[PDB]
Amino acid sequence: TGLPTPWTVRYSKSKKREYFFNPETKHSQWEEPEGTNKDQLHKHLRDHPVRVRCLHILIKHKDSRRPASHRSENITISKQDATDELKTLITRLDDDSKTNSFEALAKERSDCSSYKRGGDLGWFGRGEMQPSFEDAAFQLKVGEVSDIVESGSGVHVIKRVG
């Protein structure tokens, strides 16, 4: 909302950038369309964003689609084993710690390839992540940490930083 007609605000996966689309003219532009309620869009995107940026920690389990990370090329633990481990992991969380920061915990234990980037998945929109993951990420506020989220890849804990 805030947008005239028939404009829509969208997210460019290729550019990691918000843009504006006219479906009648098939025109796309980065700049806001003439006619817009400026701050009705801003606190529409603030409260209902079209892009978010997240960190996550992935612990895979036996019934995961891809039970083979850089840590083990065959993963044997249960779902509750992975969960209580992730729970214990999250209990260390400390933004001021060099070894217990979310980034560090990701680097220490996360089975996702993003472990080497501090669990940084970068910006993403609604056509990209697993539905279970997305529905938790977009419900989070900036700076907020999620509870345990189950997906096909494994279990996650998510931090939204953007």
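In this text, residue numbers run from 1 along the sequence as written.
**Q** Please compare 32-40 with 118-126 and say which has the higher mean C-alpha temperature factor in the record.
**A** 32-40 has the higher mean C-alpha B-factor.
**Q** Where do the C-alpha atoms have the higher mean temperature factor in this entry, in 101-109 or in 62-70?
**A** Looking at the record's C-alpha B-factors, the answer is 62-70.
**Q** Please pick out which of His56, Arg51, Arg46, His27 has the largest Cα B-factor as recorded in the entry.
**A** Highest CA B-factor of the listed options: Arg46.
**Q** Within this chain, which third does the Cα B-factor at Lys87 fall in: lowest, middle or highest?
**A** For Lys87, the deposited C-alpha B-factor lands in the middle third.
**Q** Could you look up the Cα B-factor of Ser153 in the entry and say which third of the chain it sits in: lowest, middle or highest?
**A** Answer is highest: the recorded C-alpha B-factor places it there.
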